[PDB]
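Quick notes on the structure that follows.
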Amino acid sequence: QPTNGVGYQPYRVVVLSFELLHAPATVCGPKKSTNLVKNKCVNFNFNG
Amino acid sequence: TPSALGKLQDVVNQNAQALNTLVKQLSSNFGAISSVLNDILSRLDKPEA
(Lines give C-alpha, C1' and ligand atoms only; values in the text may rest on other atoms or scores of the structure.)
Protein backbone atom coordinates (compact mmCIF):
# COMPACT_ATOMS: atom_id res chain seq x y z
CA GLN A 1 0.00 0.00 0.00
CA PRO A 2 1.04 3.69 -0.11
CA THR A 3 0.04 4.05 3.58
CA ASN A 4 2.03 1.19 5.10
CA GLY A 5 3.38 2.69 8.33
CA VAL A 6 5.57 1.13 11.00
CA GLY A 7 5.99 -2.65 10.82
CA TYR A 8 4.86 -3.21 7.23
CA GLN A 9 7.06 -0.70 5.32
CA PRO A 10 8.75 -2.05 2.16
CA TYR A 11 12.40 -2.36 1.14
CA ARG A 12 13.93 -1.82 -2.32
CA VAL A 13 17.70 -2.26 -2.68
CA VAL A 14 19.93 -4.65 -4.65
CA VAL A 15 21.40 -6.89 -1.96
CA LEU A 16 24.93 -8.28 -2.23
CA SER A 17 27.76 -9.80 -0.20
CA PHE A 18 31.51 -9.39 0.03
CA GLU A 19 34.22 -11.28 1.91
CA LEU A 20 37.39 -9.31 2.53
CA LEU A 21 41.07 -10.01 3.29
CA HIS A 22 40.57 -13.34 1.51
CA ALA A 23 41.12 -12.03 -2.04
CA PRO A 24 43.93 -11.02 -4.39
CA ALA A 25 44.69 -7.30 -4.65
CA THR A 26 43.41 -6.47 -8.12
CA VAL A 27 41.84 -3.02 -7.53
CA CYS A 28 41.99 -1.56 -4.02
CA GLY A 29 41.43 1.81 -2.36
CA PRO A 30 44.30 4.27 -2.50
CA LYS A 31 46.84 6.01 -0.28
CA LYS A 32 49.78 8.33 -1.01
CA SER A 33 52.98 6.65 -2.25
CA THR A 34 56.61 7.26 -1.27
CA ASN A 35 59.99 5.88 -2.40
CA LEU A 36 61.68 2.56 -1.55
CA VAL A 37 64.00 3.45 1.32
CA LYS A 38 66.11 0.50 2.49
CA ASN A 39 67.68 0.01 5.97
CA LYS A 40 65.20 2.37 7.63
CA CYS A 41 61.99 1.68 9.56
CA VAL A 42 59.18 2.56 7.14
CA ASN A 43 55.51 1.70 6.60
CA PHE A 44 54.66 -1.16 4.26
CA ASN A 45 51.13 -1.16 2.84
CA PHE A 46 49.44 -4.02 0.96
CA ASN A 47 45.70 -4.75 1.60
CA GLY A 48 45.57 -2.67 4.77
CA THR B 1 75.52 -45.88 16.67
CA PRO B 2 73.22 -42.87 17.22
CA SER B 3 71.99 -44.20 20.59
CA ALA B 4 74.84 -42.49 22.43
CA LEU B 5 74.63 -38.71 23.12
CA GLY B 6 70.86 -39.15 23.29
CA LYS B 7 69.78 -36.92 26.16
CA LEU B 8 71.88 -33.91 25.12
CA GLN B 9 70.29 -34.31 21.69
CA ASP B 10 66.94 -34.61 23.51
CA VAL B 11 67.40 -31.36 25.45
CA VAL B 12 68.54 -29.65 22.19
CA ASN B 13 65.29 -30.67 20.47
CA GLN B 14 63.34 -29.84 23.68
CA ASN B 15 64.75 -26.28 23.66
CA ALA B 16 64.61 -25.90 19.87
CA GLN B 17 61.18 -27.49 19.41
CA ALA B 18 59.86 -25.56 22.45
CA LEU B 19 61.04 -22.30 20.85
CA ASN B 20 59.59 -23.40 17.50
CA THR B 21 56.23 -24.44 18.98
CA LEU B 22 56.18 -21.04 20.64
CA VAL B 23 56.70 -19.48 17.19
CA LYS B 24 54.01 -21.56 15.45
CA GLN B 25 51.59 -20.85 18.34
CA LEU B 26 51.29 -17.32 16.88
CA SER B 27 49.31 -18.94 14.05
CA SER B 28 46.69 -20.03 16.59
CA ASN B 29 43.56 -17.88 16.49
CA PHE B 30 42.70 -18.00 20.26
CA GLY B 31 39.00 -17.33 19.68
CA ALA B 32 39.60 -14.15 17.65
CA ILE B 33 38.78 -13.70 13.97
CA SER B 34 42.46 -14.44 13.21
CA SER B 35 45.85 -14.78 14.82
CA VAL B 36 47.13 -12.12 12.42
CA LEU B 37 47.56 -8.58 13.77
CA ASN B 38 46.86 -7.05 10.35
CA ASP B 39 43.43 -8.67 9.84
CA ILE B 40 42.29 -7.43 13.26
CA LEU B 41 43.62 -3.93 12.50
CA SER B 42 42.20 -3.69 8.97
CA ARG B 43 38.79 -5.39 9.39
CA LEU B 44 37.56 -3.46 12.45
CA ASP B 45 37.20 0.01 13.89
CA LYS B 46 38.88 0.46 17.28
CA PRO B 47 36.00 0.25 19.89
CA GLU B 48 34.78 -2.98 18.32
CA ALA B 49 38.46 -3.94 17.92
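By order of appearance in the C-alpha coordinates: chains A, B, ..., then residues from 1 within every chain, and ligands from 1 in the order shown.
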Select, as a CSV table (one decimal) with N, CA, C and O atoms, in the first residue's frame, those residues of chain B with any atom no more than 9 Å from chain A (distances computed using only C-alpha atoms).
```csv
chain,number,residue,atom,x,y,z
B,38,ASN,N,47.2,-7.9,11.4
B,38,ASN,CA,46.9,-7.1,10.3
B,38,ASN,C,45.4,-7.2,9.9
B,38,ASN,O,44.8,-6.2,9.6
B,39,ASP,N,44.9,-8.4,10.1
B,39,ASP,CA,43.4,-8.7,9.8
B,39,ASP,C,42.6,-8.0,10.9
B,39,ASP,O,41.5,-7.4,10.6
B,41,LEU,N,43.5,-5.4,12.7
B,41,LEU,CA,43.6,-3.9,12.5
B,41,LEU,C,42.8,-3.5,11.3
B,41,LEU,O,42.0,-2.5,11.5
B,42,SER,N,42.8,-4.2,10.2
B,42,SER,CA,42.2,-3.7,9.0
B,42,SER,C,40.7,-3.9,8.9
B,42,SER,O,39.9,-3.1,8.4
B,43,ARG,N,40.2,-5.0,9.5
B,43,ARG,CA,38.8,-5.4,9.4
B,43,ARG,C,37.9,-4.6,10.3
B,43,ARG,O,36.7,-4.4,10.0
```
| task | Name the residues of chain B that come out as alpha helix (DSSP H) in a backbone DSSP run; write them as JSON, numbers by chain. | result | {"B": [6, 7, 8, 9, 10, 11, 12, 13, 14, 15, 16, 17, 18, 19, 20, 21, 22, 23, 37, 38, 39, 40, 41, 42, 43]}
With N, CA, C and O atoms retained, write the just-selected residues as a CSV table (one decimal), in the first residue's frame.
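Printed below is part-v3.csv as written:
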```
chain,number,residue,atom,x,y,z
B,6,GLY,N,72.3,-39.2,23.5
B,6,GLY,CA,70.9,-39.2,23.3
B,6,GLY,C,70.1,-38.1,24.1
B,6,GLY,O,69.2,-37.4,23.5
B,7,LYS,N,70.5,-37.8,25.3
B,7,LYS,CA,69.8,-36.9,26.2
B,7,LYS,C,70.2,-35.5,26.0
B,7,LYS,O,69.4,-34.6,26.2
B,8,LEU,N,71.5,-35.2,25.6
B,8,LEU,CA,71.9,-33.9,25.1
B,8,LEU,C,71.2,-33.5,23.8
B,8,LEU,O,70.8,-32.4,23.6
B,9,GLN,N,71.1,-34.5,22.9
B,9,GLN,CA,70.3,-34.3,21.7
B,9,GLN,C,68.8,-34.1,22.0
B,9,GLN,O,68.2,-33.2,21.4
B,10,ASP,N,68.3,-34.8,23.1
B,10,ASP,CA,66.9,-34.6,23.5
B,10,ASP,C,66.7,-33.2,24.1
B,10,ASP,O,65.6,-32.6,23.9
B,11,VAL,N,67.6,-32.7,24.9
B,11,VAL,CA,67.4,-31.4,25.4
B,11,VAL,C,67.6,-30.3,24.4
B,11,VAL,O,67.0,-29.2,24.4
B,12,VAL,N,68.4,-30.6,23.3
B,12,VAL,CA,68.5,-29.6,22.2
B,12,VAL,C,67.2,-29.6,21.4
B,12,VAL,O,66.7,-28.5,21.1
B,13,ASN,N,66.6,-30.8,21.1
B,13,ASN,CA,65.3,-30.7,20.5
B,13,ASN,C,64.2,-30.3,21.4
B,13,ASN,O,63.2,-29.7,21.0
B,14,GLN,N,64.3,-30.4,22.8
B,14,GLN,CA,63.3,-29.8,23.7
B,14,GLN,C,63.4,-28.3,23.7
B,14,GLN,O,62.3,-27.7,23.6
B,15,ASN,N,64.6,-27.7,23.7
B,15,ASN,CA,64.7,-26.3,23.7
B,15,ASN,C,64.4,-25.7,22.3
B,15,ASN,O,63.6,-24.7,22.2
B,16,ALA,N,64.8,-26.4,21.2
B,16,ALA,CA,64.6,-25.9,19.9
B,16,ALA,C,63.2,-26.1,19.4
B,16,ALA,O,62.5,-25.2,18.9
B,17,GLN,N,62.6,-27.3,19.7
B,17,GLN,CA,61.2,-27.5,19.4
B,17,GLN,C,60.3,-26.8,20.4
B,17,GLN,O,59.1,-26.4,19.9
B,18,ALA,N,60.7,-26.4,21.6
B,18,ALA,CA,59.9,-25.6,22.4
B,18,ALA,C,59.8,-24.1,21.9
B,18,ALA,O,58.8,-23.5,22.0
B,19,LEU,N,61.0,-23.6,21.5
B,19,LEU,CA,61.0,-22.3,20.9
B,19,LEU,C,60.2,-22.3,19.5
B,19,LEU,O,59.5,-21.3,19.3
B,20,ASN,N,60.3,-23.3,18.8
B,20,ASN,CA,59.6,-23.4,17.5
B,20,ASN,C,58.1,-23.7,17.7
B,20,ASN,O,57.3,-23.2,16.8
B,21,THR,N,57.7,-24.4,18.7
B,21,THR,CA,56.2,-24.4,19.0
B,21,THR,C,55.7,-23.2,19.7
B,21,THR,O,54.5,-23.0,19.8
B,22,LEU,N,56.6,-22.4,20.2
B,22,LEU,CA,56.2,-21.0,20.6
B,22,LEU,C,55.9,-20.2,19.4
B,22,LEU,O,55.0,-19.4,19.4
B,23,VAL,N,56.8,-20.3,18.4
B,23,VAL,CA,56.7,-19.5,17.2
B,23,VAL,C,55.5,-19.9,16.3
B,23,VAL,O,54.7,-19.0,15.9
B,37,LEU,N,47.8,-10.0,13.3
B,37,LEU,CA,47.6,-8.6,13.8
B,37,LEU,C,46.8,-7.8,12.7
B,37,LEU,O,45.9,-7.0,13.0
B,38,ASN,N,47.2,-7.9,11.4
B,38,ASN,CA,46.9,-7.1,10.3
B,38,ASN,C,45.4,-7.2,9.9
B,38,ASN,O,44.8,-6.2,9.6
B,39,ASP,N,44.9,-8.4,10.1
B,39,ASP,CA,43.4,-8.7,9.8
B,39,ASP,C,42.6,-8.0,10.9
B,39,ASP,O,41.5,-7.4,10.6
B,40,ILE,N,43.0,-8.0,12.2
B,40,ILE,CA,42.3,-7.4,13.3
B,40,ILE,C,42.4,-5.9,13.2
B,40,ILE,O,41.4,-5.2,13.5
B,41,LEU,N,43.5,-5.4,12.7
B,41,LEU,CA,43.6,-3.9,12.5
B,41,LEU,C,42.8,-3.5,11.3
B,41,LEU,O,42.0,-2.5,11.5
B,42,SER,N,42.8,-4.2,10.2
B,42,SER,CA,42.2,-3.7,9.0
B,42,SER,C,40.7,-3.9,8.9
B,42,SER,O,39.9,-3.1,8.4
B,43,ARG,N,40.2,-5.0,9.5
B,43,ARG,CA,38.8,-5.4,9.4
B,43,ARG,C,37.9,-4.6,10.3
B,43,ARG,O,36.7,-4.4,10.0
```
| Near residue 27 (chain B), within 9 Å and counting only C-alpha atoms, which residues show up once chain neighbours fewer than 6 positions away are dropped, as a list in words? | residues 34, 35 and 36 of chain B
Keeping only C-alpha atoms, take the residues you just selected and write them out as a CSV table (one decimal), in the first residue's frame.
```csv
chain,number,residue,atom,x,y,z
B,34,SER,CA,42.5,-14.4,13.2
B,35,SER,CA,45.9,-14.8,14.8
B,36,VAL,CA,47.1,-12.1,12.4
```
| field | Point-to-point distance from CA of residue 48 (chain B) to CA of residue 29 (chain A), Å rounded to tenths | value |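 For CA of residue 48 (chain B) relative to CA of residue 29 (chain A), the distance reads 22.2 Å.
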| message | Which residues are close to residue 32 (chain A), i.e. within 12 Å by only C-alpha atoms, leaving aside same-chain residues fewer than 4 positions away? Reply as a list in words. | response |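 Final neighbour list, sorted by chain and number: residues 43, 44 and 45 of chain A.
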May I have the residues from that selection written out with N, CA, C and O atoms, as a PDB file, in the first residue's frame?
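Once written, result.pdb looks like this:
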```pdb
ATOM      1  N   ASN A  43      56.817   2.345   6.591  1.00  0.00           N
ATOM      2  CA  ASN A  43      55.510   1.698   6.597  1.00  0.00           C
ATOM      3  C   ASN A  43      55.322   0.937   5.296  1.00  0.00           C
ATOM      4  O   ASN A  43      55.435   1.515   4.211  1.00  0.00           O
ATOM      5  N   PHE A  44      55.059  -0.360   5.405  1.00  0.00           N
ATOM      6  CA  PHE A  44      54.658  -1.162   4.262  1.00  0.00           C
ATOM      7  C   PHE A  44      53.138  -1.217   4.208  1.00  0.00           C
ATOM      8  O   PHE A  44      52.476  -1.267   5.247  1.00  0.00           O
ATOM      9  N   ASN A  45      52.580  -1.198   2.997  1.00  0.00           N
ATOM     10  CA  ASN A  45      51.130  -1.164   2.844  1.00  0.00           C
ATOM     11  C   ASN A  45      50.739  -2.058   1.676  1.00  0.00           C
ATOM     12  O   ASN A  45      51.095  -1.774   0.530  1.00  0.00           O
TER      13      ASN A  45
END
```
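CA of residue 41 (chain A) to CA of residue 33 (chain B) spans 28.2 Å [interatomic distance, one decimal].
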